[PDB]
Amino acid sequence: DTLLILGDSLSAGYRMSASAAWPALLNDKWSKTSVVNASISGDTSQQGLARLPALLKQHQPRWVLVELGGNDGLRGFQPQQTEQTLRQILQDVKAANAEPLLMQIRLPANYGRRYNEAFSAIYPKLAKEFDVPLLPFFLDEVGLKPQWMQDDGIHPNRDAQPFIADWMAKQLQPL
């Protein structure tokens, strides 16, 4: 039984090998459930969708965690396009007889009010619409302690990955 992770940098591990990223650590903690990281750094929701048919056919997963949208805005997507692209992803996953698990995405910075509110709103909407688990953003409540950051202000470092895995383990275990 396979959990497919369809994410970006936060799941792929920015400037580190995938075997250092939290999905691989999650995998170890689990023979019971196999974990396959299909995440690629810098991914938009569009890129995720473009690969999804092939990945579903390849890994035939029972669950698919969707961690996408964070890169859409800086790539020039209006929130509507992000919404419709995620909708198609959820459709595809359901069609392939897998349970979508949708993670709420939190933006790093203020991109303005209209964009933030619109963007944030997409995920509760899609969760209700497809009646699928809406997971919170990576340790949303706690955030990430400063010592777990990389030289940029944004990406968790290699040392942070075990803690993210712990957290994800707890989120996913009832699903």
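Numbers for residues come from their place in the sequence shown, where the first is 1.
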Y111 to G112: deposited residues not modelled, binned count -> none
Quick tally, chain-level thirds of C-alpha B-factors: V142 sits in the highest
For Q84, the third of its chain by CA B-factor is the lowest
Here the Cα B-factor of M103, set against its chain, lands in the third termed highest
Sorting the chain's modelled residues by C-alpha B-factor and splitting them into thirds places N37 in the lowest
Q60: C-alpha B-factor third of its chain, per the entry, is the middle
